[PDB]
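Asks:
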Amino acid sequence: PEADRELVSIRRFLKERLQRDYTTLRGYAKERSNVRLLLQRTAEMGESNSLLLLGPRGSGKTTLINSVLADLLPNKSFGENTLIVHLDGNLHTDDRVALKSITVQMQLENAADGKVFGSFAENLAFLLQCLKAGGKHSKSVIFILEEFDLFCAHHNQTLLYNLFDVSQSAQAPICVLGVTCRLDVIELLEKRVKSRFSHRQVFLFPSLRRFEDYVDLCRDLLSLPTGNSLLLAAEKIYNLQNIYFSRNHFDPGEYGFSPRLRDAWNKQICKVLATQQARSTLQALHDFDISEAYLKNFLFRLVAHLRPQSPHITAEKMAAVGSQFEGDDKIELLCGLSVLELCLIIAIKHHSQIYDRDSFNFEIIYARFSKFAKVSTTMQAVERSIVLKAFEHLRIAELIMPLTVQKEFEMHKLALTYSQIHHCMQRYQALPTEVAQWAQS
Amino acid sequence: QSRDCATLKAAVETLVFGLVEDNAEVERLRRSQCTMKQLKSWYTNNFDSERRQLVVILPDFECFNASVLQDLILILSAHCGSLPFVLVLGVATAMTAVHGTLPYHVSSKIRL
Amino acid sequence: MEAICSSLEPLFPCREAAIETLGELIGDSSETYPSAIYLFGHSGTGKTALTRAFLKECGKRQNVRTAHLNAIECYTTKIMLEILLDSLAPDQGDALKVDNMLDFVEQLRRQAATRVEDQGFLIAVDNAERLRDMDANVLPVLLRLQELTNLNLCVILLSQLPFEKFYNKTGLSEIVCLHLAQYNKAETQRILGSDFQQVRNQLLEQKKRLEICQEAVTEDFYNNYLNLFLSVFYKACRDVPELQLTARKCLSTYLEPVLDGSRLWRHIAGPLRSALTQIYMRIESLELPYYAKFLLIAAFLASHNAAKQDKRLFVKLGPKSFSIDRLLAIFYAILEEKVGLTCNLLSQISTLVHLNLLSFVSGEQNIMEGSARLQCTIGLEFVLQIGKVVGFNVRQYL
Amino acid sequence: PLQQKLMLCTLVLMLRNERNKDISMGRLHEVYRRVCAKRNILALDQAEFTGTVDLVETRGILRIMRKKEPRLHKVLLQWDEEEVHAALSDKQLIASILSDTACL
Amino acid sequence: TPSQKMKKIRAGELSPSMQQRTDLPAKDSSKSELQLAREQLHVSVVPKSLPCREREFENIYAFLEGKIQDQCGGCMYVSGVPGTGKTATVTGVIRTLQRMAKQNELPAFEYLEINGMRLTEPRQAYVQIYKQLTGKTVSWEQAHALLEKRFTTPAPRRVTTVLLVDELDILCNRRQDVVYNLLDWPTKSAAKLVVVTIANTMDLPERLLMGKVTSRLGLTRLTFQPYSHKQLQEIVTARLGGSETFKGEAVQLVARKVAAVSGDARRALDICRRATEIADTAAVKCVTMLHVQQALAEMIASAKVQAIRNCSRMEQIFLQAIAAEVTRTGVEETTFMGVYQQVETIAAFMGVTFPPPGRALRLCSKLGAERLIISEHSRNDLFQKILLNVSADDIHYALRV
DNA sequence: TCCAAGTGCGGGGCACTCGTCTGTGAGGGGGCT
DNA sequence: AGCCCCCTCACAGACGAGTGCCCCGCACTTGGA
Ligand SMILES: Nc1ncnc2c1ncn2[C@@H]1O[C@H](COP(=O)(O)OP(=O)(O)OP(=O)(O)O)[C@@H](O)[C@H]1O
Ligand SMILES: Nc1ncnc2c1ncn2[C@@H]1O[C@H](COP(=O)(O)OP(=O)(O)OP(=O)(O)O)[C@@H](O)[C@H]1O
Ligand SMILES: Nc1ncnc2c1ncn2[C@@H]1O[C@H](COP(=O)(O)OP(=O)(O)OP(=O)(O)O)[C@@H](O)[C@H]1O
Ligand SMILES: [Mg+2]
Ligand SMILES: [Mg+2]
Ligand SMILES: [Mg+2]
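Chains as they are written, first to last, in PDB author numbering: chain D, 2 to 244, 250 to 410, 420 to 456; chain C, 133 to 159, 177 to 199, 202 to 263; chain E, 1 to 206, 211 to 265, 273 to 295, 318 to 349, 375 to 456; chain G, 557 to 660; chain A, 519 to 919.
1) Quick one: any contact between the segment 137-146 of chain E and the segment 88-104 of chain D, if contact means 3 or more CB pairs under 8 Å?
2) Would you say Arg431 (chain E) lies against chain D (beta-carbon separation less than 7 Å)?
3) Let me confirm a value: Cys182 (chain D) is counted as buried when at least 16 other C-beta atoms fall within 10 Å, else exposed. Which label applies?
4) Quick one: does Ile11 (chain D) have its CB under 7 Å from some CB of chain G?
5) By a C-beta neighbour count over all protein chains shown, 10 Å radius and 16 as the cutoff for buried, is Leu542 (chain A) buried or exposed?
6) Throw me the rounded Cβ distance for the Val844 (chain A) and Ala910 (chain A) pair, which I believe falls under 8 Å.
7) Under the assumption that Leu321 (chain E) contacts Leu329 (chain E) (Cβ atoms under 8 Å), give the Cβ distance between them as a whole number of angstroms.
8) May I ask you to verify whether the segment 45-60 of chain E touches the segment 2-12 of chain E, counting CB pairs closer than 8 Å and requiring at least 3?
9) Please name the residue or residues paired with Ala112 (chain E) in a DSSP beta bridge.
10) Kindly provide the ranges of any alpha helix (DSSP H) runs that are 4 or more residues long and lie completely inside the segment 147-233 of chain D, ordered along the chain.
11) State the beta-bridge partners of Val207 (chain C) as determined by DSSP.
12) Could you tell me whether any non-hydrogen atom of ligand 5 is closer than 6 Å to the CB of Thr48 (chain E)?
13) Below 6 Å CB to CB, which residues in the same chain sit around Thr657 (chain G) once its five sequence neighbours on both sides are set aside?
14) Looking at chain G, is there any beta carbon in it that lies within less than 7 Å of the beta carbon of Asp185 (chain D)?
15) Nearest-angstrom Cα distance between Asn254 (chain D) and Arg52 (chain E)?
16) Opposite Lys630 (chain G) in the DSSP bridges: which residues?
17) At a CB distance below 9 Å, what residues from the segment 861-890 of chain A approach chain D? Give them in sequence order.
18) What residues come near ligand 4, if near means a beta carbon less than 7 Å from any of its heavy atoms?
19) Which residue wins for smallest C-alpha separation from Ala128 (chain E), given the options E:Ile37, E:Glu82, E:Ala3?
20) So with CB distances below 9 Å, who are the chain D contacts of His256 (chain C)?
21) Which residues of chain A have a Cβ atom closer than 8 Å to the Cβ of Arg132 (chain E), listed in chain order?
22) Note down, in chain order, each residue of its chain lying with its Cβ closer than 6 Å to the Cβ of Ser224 (chain D), except the 5 sequence neighbours on either side.
23) Can you have a look at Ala756 (chain A) and say buried or exposed, based on whether 16 or more other CB atoms are within 10 angstroms of its CB?
24) Using CA coordinates, which residue listed in E:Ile175, E:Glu246, E:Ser417, E:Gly265 is at the minimum distance from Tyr291 (chain E)?
25) Are three or more beta carbon pairs between the segment 320-329 of chain D and the segment 160-179 of chain E nearer than 8 Å?
26) Which residues in chain G have a C-beta closer than 8 Å to the C-beta of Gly781 (chain A)? List them in chain order.
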């Protein structure tokens with residue numbers, strides 16, 4: 002067959018575009034220009050700069066850095082005069098780990114193919130000695146500090162005090178770009194580190210608050226591009242791979263689609279996104295989160311449904327994944343409990359409704375449950391042991407939380432609203448009549 | 133012994149050190182490198198070619216900490232199939248203490 | 001991706017849609033993997049065994065490099081990273097050195113390969129709810145390990161909680177949440193009837213009894229037995245392994261009038284309701322000295338009475379707290395033998411503390427000074443049993 | 557400076573017109589924002605207000621008790637109000653702020 | 519090899535070199551006049567004579583010239599808010615004294631310098647001072663023993679050694695032995711040590727130093743007052759030179775807006791560079807008032823109203839409900855339960871239905887990562903605490919207008 | 001040409017320490033049948 | 001006519017940052033082999 006292999010190639014292309022492809026951004030005509038001009042004036046003139054990309058978690062912060070570096074590094078005047086030192090706040094969780102990473106990545110005299118000698122103090126003295134011995138005739142170092150607040154939470158912020166001291170001195174022209182998500186990271190710094198930081202801040206709030214831009218983004222993320230655009234993209238990616251992400255990148259030169267297949271796929275995508283059910287699903291997702299990662303997760307889980315039995319994208323699949331997103335999980339855990347745990351939860355709900363969210367116990371809830379079980383005529387002869395094991399099963403699924420003594424006398428709290436229990440009573444399968452009568456009263 | 137099992141880390145080191153030094157006594178590593186990874190490598194190196204059970208004797212079951220005991224039972228139940236573990240206990244009072252100190256998720260993996 | 005599903009459908013009946021979803025996401029190794037998958041459910045739902053057999057089949061059929069963990073074994077991060085780098089970079093020996101997350105990320109970056117062999121990596125972290133009780137920089141790095149290492153890997157997490165318990169102050173990345181629903185009565189009956197061939201082989205391999217055992221042990225008879233069993237044990241528990249291990253024993257009890265020559276609901280409904288009281292116990318007269326018994330019932334009388342009620346009785375809302383002098387005074391009040399205060403009596407107090415029959419609710423470091431408090435942790439029926447084997451009625455002093 | 561004078565004015569106002577001496581940084585910032593809105597003076601953000609209070613801390617007028625989050629830091633005045641009135645030397649302004657009690 | 523590299527690095531025998539550029543750096547003729555004003559406005563370029571820092575210059579110069587020509591040793595303490603010409607004035611005094619000691623106008627001396635904020639522990643100060651004496655890196659106990667053998671014992675002809683200590687407040691620990699040893703060696707007769715310590719707080723000898731340390735520190739203090747409106751214009755107009763690139767009202771507005779916040783000079787010298795970079799993109803050659811106002815808006819940024827405008831719909835409903843719950847129950851620290859109840863009331867009013875609390879915890883975590891609210895770990899759902907980090911009027915300004 | 005074990009020294013685990021914070025047991029104070 | 005019930009206040013506990021100390025690994029290394 003041949004109609005299956007085109008669908009497999011389309012699905013592979015779309016999944017490798019949604020997950021990979023770290024160097025292409027959409028939008029940001031001013032912020033990318035400011036970052037690129039700052040790095041270019043660091044590399045060319047030899048000036049020292051500090052910058053701070055700020056934005057919400059989920060916008061294009063790392064993608065902007067990767068796009069600027071992938072557009073700057075094959076210049077042969079940027080890649081030969083500069084060296085780039087990446088540091089991460091999640092991996093370099095101390096000062097000496099980040100300092101050994103700087104000493105490895107800068108290829109200093111005590112590097113020795115990735116094994117630094119000496120202590121932390123000798124590494125700091127040698128790094129400041131090799132930075133002070135430079136000038137405007139030395140290679141420009143570009144420090145990229147990701148998760149900058151985790152670097153602000155170090156000892157004395159001492160590494161930061163050094164990284165902002167070479168920027169305000171007649172030394173090697175370094176350039177410090179911080180990338181963080183906290184919009185008040187500059188209040189964490191000491192006053193000396195506040196003074197040494199050049200206060201330019203780039204804000205990366207996403208430009209898709211209005212819903213039509215969300216629909217155009219969801220249309221651009223599913224459509225198949227042309228042949229010449231894929232040749233141009235493969236040329237740029239091969240140019241940045243000729244000289250890190252680029253070892254495993256998108257590289258779309260492997261996929262060649264027929265023009266009739268591309269036109270049929272784009273016509274189907276526009277026909278589906280021109281309906282009202284697909285726009286209602288995207289309207290619910292846009293009401294929840296206007297971020298890019300949320301839509302890319304939804305589109306990945308929608309593209310993964312493309313089987314050769316049902317090859318096309320329709321509005322019903324979008325509504326199905328929208329219902330997969332919008333549902334609750336604690337209600338889906340509540341309908342998996344047995345009848346003993348459910349009557350225990352009804353007794354807890356009655357005790358919390360009467361005593362107005364007071365802390366309960368096993369003895370109080372067991373007495374309120376045994377006031378019902380003696381007249382239930384279906385749960386007559388259940389012991390204390392099975393009810394205690396059901397209380398432990400409620401305790402380990404975190405539907406009951408301790409106030410933070421024996422296990423039967425420890426106080427507790429109900430971790431649910433009453434509407435979740437009221438919906439669990441409606442969605443439960445094969446609920447007997449006595450339990451449904453006891454739940455309503 | 134319950135005195136050498138205050139934490140989970142100390143109990144796992146005591147278990148692996150006891151098994152390895154029982155092997156060294158029947159036929177010295179530091180206690181920093183006494184983990185289940187080294188125990189699985191040693192058991193695959195030595196006793197796979199022959202199954203030799205691994206008996207874990209707990210003489211004072213009541214004097215143990217509850218959380219360390221539950222995590223130890225979950226650790227020994229996680230590694231079954233690769234390492235043959237047999238557990239014996241030393242319960243003094245009654246079986247109701249055993250059924251009371253062992254929760255639902257811990258007693259789900261017990262065949263006593 | 002359909003060969004793994006076709007190999008997993010016989011081993012896991014009534015788990016169709018979860019195996020289809022896990023074959024969509026992480027089925028083929030040529031396609032890219034999602035960043036992280038989080039499938040969750042209740043106990044006995046079959047998620048450790050499902051991902052274990054899935055990882056075994058993926059490592060058998062394709063070029064992936066699997067790994068399986070358990071986050072109770074990982075009390076610190078170094079053990080976790082050493083097990084991960086033993087499983088993901090095999091046959092390295094004892095020269096494997098991981099100091100922190102950075103060396104782990106670099107040694108996974110060294111494992112990158114070409115684009116023709118279609119490699120992948122698959123990490124499964126069982127008991128993932130402990131991952132938020134450790135050094136706090138392992139969970140976001142485990143979420144974005146695909147972006148960090150620049151590899152084709154997916155990090156699978158297994159827990160009983162929803163993901164709403166996993167958010168910290170700094171935030172997390174995106175995840176693919178997946179729910180394994182627990183079975184209703186019909187799917188549980190199908191699962192309990194899946195092992196009919198093993199039941200028939202076990203009853204064949206253990211003689212007019214066996215010849216009549218071969219003719220009526222068949223599928224409809226086992227279906228009626230499982231219907232009669234689930235009509236009485238589904239009220240307490242829905243978990244598959246407890247129902248399997250109890251249905252085996254109640255089947256071995258159920259068959260004896262058919263092998264000894273409705274007609275069967277009463278003869279099993281006796282022992283079925285006798286065995287409903289033995290659920291959640293996995294089982295396949319406490320002797321004490323005289324003065325230890327009197328000390329135990331004196332601690333019960335000290336915990337079950339108010340401090341202001343002791344002056345009316347002895348002169349001649376759990377258990378309350380008391381000190382050791384109150385216990386000794388109540389013991390010498392109710393003893394009516396008037397023995398001396400030797401070493402062995404206070405030793406009996408200490409070994410009742412060490413038998414978990416009493417406790418130390420507070421204090422416990424100034425026991426000799428007298429500011430330590432005790433707490434009696436026994437019920438009423440054991441106290442009345444001790445009072446019957448001694449002859450001291452506790453129903454008067456309450 | 558002007559913003560440090562305004563911060564000291566609102567702190568003296570909050571210590572006059574309120575009995576309990578627990579003044580956070582967020583409450584002081586919210587009073588200072590209304591005081592700047594009445595004077596047609598461009599107020600600062602919280603991230604610059606914290607640096608302003610940290611620069612007044614170096615003179616010895618204040619002392620900051622540290623907490624977990626920067627909104628919760630406690631500002632303790634360690635002078636007398638007549639010493640602040642003598643140190644500011646802006647009498648037509650500092651007599652106008654302490655009479656403008658509507659922002660508290 | 520590791521062994522000879524460490525033995526030649528620790529002994530100070532190889533040059534700690536840095537790599538060279540393949541392309542030679544650019545020329546001064548290839549730079550435009552706006553580029554020349556951008557390179558001359560850098561914070562790294564210190565002038566040969568500091569404007570508006572003359573009185574403190576003559577004070578430190580008279581003190582150090584007296585202590586050098588008397589050959590007696592002593593201690594000084596200068597203090598001031600960061601950015602007010604402390605270290606630049608001190609090294610200008612020391613460069614003037616070194617040039618006077620080159621011309622045989624003054625007795626010669628040695629100049630040692632340490633900074634407390636580039637030391638990992640304070641005892642490494644002993645490793646650094648000795649490294650500016652001989653060149654060899656040793657341990658701190660051997661360096662301390664050799665410094666005590668050098669300073670306490672008389673050895674003519676001993677030369678005076680002026681020790682500069684930047685960031686003194688980091689050398690202060692629980693025991694306070696490093697600062698005691700540094701301020702104790704000038705009090706001996708055989709050691710000709712003249713130590714000048716620089717700090718930010720004016721009351722450092724009384725706040726955290728012990729009694730003997732503030733007795734040894736002396737009473738010849740110095741204070742660097744912050745820059746006013748008039749001096750901070752003189753600094754920038756002396757930096758720019760005779761070029762007509764900056765207008766007068768541009769520098770006046772920069773100095774007036776910076777000198778009213780902190781009095782920092784680095785803030786003005788970075789705002790002027792940002793204004794030059796703004797005027798470079800407008801294809802002009804002069805810096806008008808508009809580029810200066812745009813740079814003042816960009817550097818002194820307040821983006822906690824644009825962040826509330828750029829949130830989603832349910833997060834704006836969540837912020838409105840946290841503000842309404844703070845208004846209702848008086849106290850600021852709220853619980854997630856009442857917040858979700860007011861969420862349900864507001865969502866019933868507006869008509870849009872709200873997600874269940876399993877997604878409202880994700881909204882609360884997303885606002886906590888963005889630092890719009892202050893929230894705990896989400897492990898205690900429906901009972902976690904919530905502080906409103908933004909002001910309650912910022913929400914009403916961001917949603918009504 | 002190498003080397004066995006002292007050894008000198010940095011680094012991490014741990015234990016105290018200062019401040020905060022909140023229950024609380026019994027001495028103390030006000031009424032009682 | 002001794003007794004019944006709240007007040008409250010410095011121990012009890014926690015806890016949390018945080019900071020110094022001691023064991024432990026580990027290269028140095030060196031006088032010897
Ligand atoms: N402007 C954009 N253009 C293209 N893709 C984007 C953009 N913004 C976000 N994305 C997509 O969102 C996903 C996450 O982006 P990114 O890595 O920049 O987030 P981040 O800010 O680094 O997250 P965090 O700060 O938590 O590390 C990426 O897969 C990327 O494709
Ligand atoms: N659909 C199914 N078909 C057949 N057997 C099943 C099915 N689901 C579960 N089982 C049985 O349940 C057992 C799996 O238990 P498992 O180890 O997955 O528990 P778990 O999900 O890890 O519970 P917990 O997380 O509480 O430990 C297997 O032995 C398997 O035989
Ligand atoms: N009066 C002045 N004239 C010219 N330039 C100045 C003047 N004051 C400060 N600067 C510039 O501002 C910078 C201030 O550096 P300075 O030596 O004052 O830092 P500092 O006050 O020691 O910092 P910290 O107090 O944080 O240690 C110098 O680089 C200098 O170029
Ligand atoms: Mg990022
Ligand atoms: Mg499991
Ligand atoms: Mg300085």
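Every residue gets a Cβ at the ideal spot worked out from N, C-alpha and C, and that includes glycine.
Replies: So, to answer that:
1) Output reads yes: the segment 88-104 of chain D touches the segment 137-146 of chain E.
2) What you label residue 431 (chain E) is simply residue 373 of the third sequence in a count that begins at 1. No, its Cβ sits nowhere closer than 7 Å to a Cβ of chain D.
3) In the first sequence, residue 182 (chain D) corresponds to position 181, counting from 1. Per the 10 Å Cβ criterion, buried.
4) One-based indexing of the first sequence puts residue 11 (chain D) at position 10. No, its Cβ sits nowhere closer than 7 Å to a Cβ of chain G.
5) In the fifth sequence, residue 542 (chain A) corresponds to position 24, counting from 1. The residue in question, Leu542 (chain A), is exposed, as its Cβ has fewer than 16 Cβ neighbours within 10 Å.
6) Position 326 of the fifth sequence, counted from the start, is the residue given in the question as residue 844 (chain A). Position 392 of the fifth sequence, counted from the start, is the residue given in the question as residue 910 (chain A). Confirmed, about 6 Å.
7) Numbered from 1 along the third sequence, position 288 holds the residue referred to as residue 321 (chain E). Numbered from 1 along the third sequence, position 296 holds the residue referred to as residue 329 (chain E). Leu321 (chain E) to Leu329 (chain E), Cβ: 7 Å. Contact.
8) yes
9) As a position in the third sequence, residue 112 (chain E) is number 112, starting the count at 1. Answer is none; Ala112 (chain E) lacks a bridge partner.
10) 149-153, 159-164, 192-197, 212-221
11) Start at 1 with the first residue of the second sequence, and residue 207 (chain C) comes out as number 56. DSSP output for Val207 (chain C) lists C:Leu238 as bridge partner(s).
12) Counting from one through the third sequence, the residue named residue 48 (chain E) turns up at place 48. Yes, the beta carbon of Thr48 (chain E) sits closer than 6 Å to at least one heavy atom of ligand 5.
13) For the purposes of this step, residue 657 (chain G) is taken as the residue at position 101 of the fourth sequence. Excluding positions up to five away in sequence, the list reads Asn573.
14) In the first sequence, counting from the first residue as 1, residue 185 (chain D) sits at position 184. Judged by the 7 Å Cβ criterion, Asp185 (chain D) is in contact with chain G.
15) Within the first sequence, residue 254 (chain D) is the residue found at index 248, counting from 1. Within the third sequence, residue 52 (chain E) is the residue found at index 52, counting from 1. Rounded to whole angstroms, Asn254 (chain D) to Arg52 (chain E) spans 28 Å at the Cα level.
16) Counting from one through the fourth sequence, the residue named residue 630 (chain G) turns up at place 74. Beta-bridge pairing by DSSP links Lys630 (chain G) to G:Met621.
17) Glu862, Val870, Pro873, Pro874, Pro875, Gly876, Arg877, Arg880, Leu881, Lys884, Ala887, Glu888, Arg889, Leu890
18) D:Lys62, D:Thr63, D:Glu147, D:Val180
19) Taking the first residue of the third sequence as 1, we reach residue 128 (chain E) at position 128. Residue E:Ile37 is the option with its Cα nearest to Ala128 (chain E).
20) Your numbering for residue 256 (chain C) matches position 105 in the second sequence. Simply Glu398, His399, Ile402.
21) Taking the first residue of the third sequence as position 1, residue 132 (chain E) is located at position 132. Contact annotation for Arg132 (chain E) against chain A: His895, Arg897 [CB-CB distance below 8 Å, chain order].
22) Position 223 of the first sequence, counted from the first residue, corresponds to residue 224 (chain D). Once the five neighbours on either side are set aside, the close Cβ partners of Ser224 (chain D) are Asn272, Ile275.
23) Position 238 of the fifth sequence holds residue 756 (chain A). It is exposed - the Cβ of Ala756 (chain A) has fewer than 16 other Cβ atoms within 10 Å.
24) Reading the third sequence from its first residue, position 280 is the one you call residue 291 (chain E). Selected option, being the one with the closest Cα: E:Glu246.
25) no
26) Translated into the one-based positions of the fifth sequence, residue 781 (chain A) becomes position 263. Going along chain G in sequence order, the residues near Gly781 (chain A) (Cβ under 8 Å) are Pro557.
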